[PDB]
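Data block below; observations after.
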Protein chains: 2
Amino acid sequence: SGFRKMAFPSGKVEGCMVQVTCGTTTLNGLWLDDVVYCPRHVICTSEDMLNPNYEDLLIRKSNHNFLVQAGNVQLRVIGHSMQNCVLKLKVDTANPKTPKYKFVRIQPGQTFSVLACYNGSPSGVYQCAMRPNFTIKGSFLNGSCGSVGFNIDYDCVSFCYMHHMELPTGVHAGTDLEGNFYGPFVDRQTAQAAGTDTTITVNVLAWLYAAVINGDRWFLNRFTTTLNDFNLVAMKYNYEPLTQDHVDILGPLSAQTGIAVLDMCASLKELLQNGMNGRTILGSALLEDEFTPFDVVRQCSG
Amino acid sequence: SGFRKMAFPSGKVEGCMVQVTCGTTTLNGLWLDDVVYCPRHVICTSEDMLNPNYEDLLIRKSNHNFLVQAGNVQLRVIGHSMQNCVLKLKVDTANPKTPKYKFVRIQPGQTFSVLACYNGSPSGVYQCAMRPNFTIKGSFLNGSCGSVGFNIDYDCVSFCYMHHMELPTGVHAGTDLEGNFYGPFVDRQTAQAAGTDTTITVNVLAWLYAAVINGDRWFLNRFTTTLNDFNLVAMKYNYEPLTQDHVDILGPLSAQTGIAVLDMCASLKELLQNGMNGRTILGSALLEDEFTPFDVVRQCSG
Ligand SMILES: *[C@H](S)C(=O)c1cccc(C(=O)OC(C)(C)C)c1
Ligand SMILES: *[C@H](S)C(=O)c1cccc(C(=O)OC(C)(C)C)c1
């Protein structure tokens, strides 16, 4: 019993974090086999940041300009190259702690664990979701860029996020491990801002199923709805449309609880229209949208 | 920016988790140096559980009755003994991954990270608080007992909790690493239940300071209060009394934000009396009490 925002165990990623320094800039890097991945911003200076030409900045560097430290061990850089917004530093040592891994890009509405790091040292681990507007509501301080987000499946780490920056509303933007940004953001100084966001409907319904599995049933009702009537209500409350694929994905949780997906939708409609009347669900007084159907099944089953 | 329920990186504890089997019962154990720690319930059978005499149960066992597996490696048990509600299995191999560690017992209102494990394999990591009534609101399924809770400071793991059982309200009870239960709970079958709980006032005030550090200021006011007037209001809302030591502990956050502790108390009084009027603090619509002043400083500073 119980339901918590649970992250993956972080040890496999801890053994990959290193510190990268270029000039006076230090940030985190990810050491896998004999390559260290880090934000290419490490080669910028403070006044380089209005419109840096990274190809020019990089051609003016050599290997000896990059100091890579793994714990108390310095790694010799023997090659450097750019790929989109990340830098690939080839080092003379393969990381003996490299896990099985993949570089995956995730979709809005998917969740992942973040290992927040400073100066190559892990500080904390938490769960995040990629918002519909491609930002993440992280927890990061200066020095955290290069920290990574990941999921783990049967001992294979799928890296999906590298941290780059903080937008004016305090939410966070970054890239995939190929250096391609999530969202319409750039690694230069602009007035760029998070665009409008929406609530991840399928995740809210998954979390209502978690609540039923855990004994909160007060929000259930005998009603049902059609998918189109529900989606009219969703549109009105800035919720994403629910598709038939979402309905199919909720099938296992529906079968476990005996509550048809469109019956749960009728409950969610009532909650949007009426609020909670001073009650809570799974210890929250808001509708939570950062758990996927898979997160619920992984944490709740049986 | 940002504020999340953040756990400690779990890798140092992952390298200590093993599986212990006795008869048909399997659960988790903690391998440090050449000892494996686990709940003594592992030696029970299903009908042993009304009033087991653990000293009798244990004297009928030998070393070969305990199967300890670390990954795919079997550890030979060469001694066994009981200490309160935990079992100490001496094995013929010292764990090469043992971290610097301590066994500390924590106080109600303190937080810790939990590494939930099944069959000796880590599954997820999350943050918890010891409630005033000595339960924890965890997330645990059958097979999780022996999972541990811990804090980490400068590479030293202070273990504070071993998981034993789930109470009827779905909250969790366990012991310290010396086998002594937190709270008035026993490892036998009874009608034992969580006692009445209260809200951890000093933590709520720490979290209001986190919110101010992160730009939520709507709940501030020009008022102040005395400690006695505040504590009259606390008593009325089932909040714990605030002591002068709590005020002193909040001093650094008060100095960082410029908001005197008793001024923040006046805000908390207004929030208890009026509610939030449809607003949120740090993404919550309830007053959060599971962050200590230290948690806030660690996550927010600067
Ligand atoms: C450090 S987290 C980093 O990689 C980075 C990436 C992209 C953009 C920036 C940046 O613009 O930093 C300032 C503080 C806004 C100049 C940093
Ligand atoms: C397994 S998590 C374990 O250690 C344990 C400890 C103490 C009490 C129990 C228990 O009573 O289990 C049942 C399921 C209530 C019989 C289990």
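Cβ: placed from backbone, ideal geometry, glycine included. Neighbour counts: every protein chain shown. Bear in mind these aren't lab numbers, they're just calculated from the coordinates by the rules spelled out.
With 21 Å as the limit, write out which pairs from B:12/B:102; B:97/B:137; A:97/B:97 have Cα-Cα distances beyond it, or answer none. Pairs exceeding 21 Å: B:97/B:137. Taken over region B:178-253, the ratio of Cα radius of gyration to 2.2 N^0.38 Å equals 1.52.
Length, then width, then depth: along the principal axes, the Cα atoms of the protein assembly as shown run 77, 59, 56 Å. Modelled spin-label separation between residue B:276 and residue B:94, with each label point placed 7 Å from Cα along the Cα-to-Cβ direction: 5.1 nm. Among the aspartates and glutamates, select those whose C-alpha is under 12 Å from the C-alpha of residue A:5, and discard any that sit fewer than 8 residues away in the same chain. Correct list for residue A:5: A:288, A:289, A:290, A:295. Annotation: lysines with alpha-carbon distance below 24 angstrom to residue A:269 (same-chain offsets under eight excluded): A:236. In a simple Cβ point-charge model (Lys, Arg +1; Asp, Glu -1; nothing else charged), region B:198-301 has a dipole of about 320 debye relative to its Cα centre.
Going by the alpha-carbon gyration tensor, a ≥ b ≥ c the square roots of its eigenvalues, is region B:1-99 rounded (a/c under 1.5) or, if a/c is not under 1.5, prolate (a/b greater than b/c) versus oblate? Verdict is oblate for region B:1-99. Count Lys and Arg as plus one, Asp and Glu as minus one, and take only other residues whose Cβ is under 14 Å from that of residue B:55; the net charge is then +1.
With label points defined 7 Å past Cα in the direction of Cβ, position residue B:178 shows copy-to-copy spacings of 5.7 nm, given to one decimal and shortest first. Counting alpha carbon pairs within less than 8 Å and at least 6 residues apart, what relative contact order, in whole percent, applies to region B:15-99? Relative contact order comes out at 36 percent.
Projecting the Cα atoms of B:284, B:73, B:244 onto the charge dipole of chain B (Cβ charges, centred on the Cα centre) puts B:73 farthest toward the positive pole.
Annotation for region A:17-79 versus region B:99-159: alpha-carbon center distance of 37 Å. Please identify which residues in region A:21-35 have an amide N closer than 15 Å to a label point set 7 Å out from the Cα of residue A:65, following the Cα→Cβ vector. The answer is A:21-26.
Distances between copies at residue A:64, taken between label points 7 Å from Cα along the C-beta direction, are 6.6 nm in increasing order. Site pair residue B:76 and residue B:256 shows an inter-label distance of 5.3 nm when each label is modelled 7 Å from Cα along Cα→Cβ. Listing A:185, A:223, B:219 from fewest to most neighbouring C-beta atoms within 10 Å gives A:223, B:219, A:185. Ignoring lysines fewer than eight residues from residue A:61 along the same chain, the ones with Cα atoms less than 26 angstrom from its Cα are A:88, A:90.
Normalised by 2.2 N^0.38 Å, where N is the number of residues, the alpha-carbon radius of gyration of chain B equals 1.13. Among chain A residues, the one whose Cβ is nearest the axis of the rotation from A to B, given with its distance rounded to whole Å, is A:11, 1. Mean projection of the Cα convex hull over all viewing directions, computed for region B:172-302: 10.1 nm². Here the spin labels are modelled as points 7 Å beyond Cα on the Cα-Cβ line, and at residue A:223 and residue B:83 they lie 5.9 nm apart.
Sorting B:76, B:40 from the fewest to the most surrounding beta carbons within 10 angstrom yields B:76, B:40.
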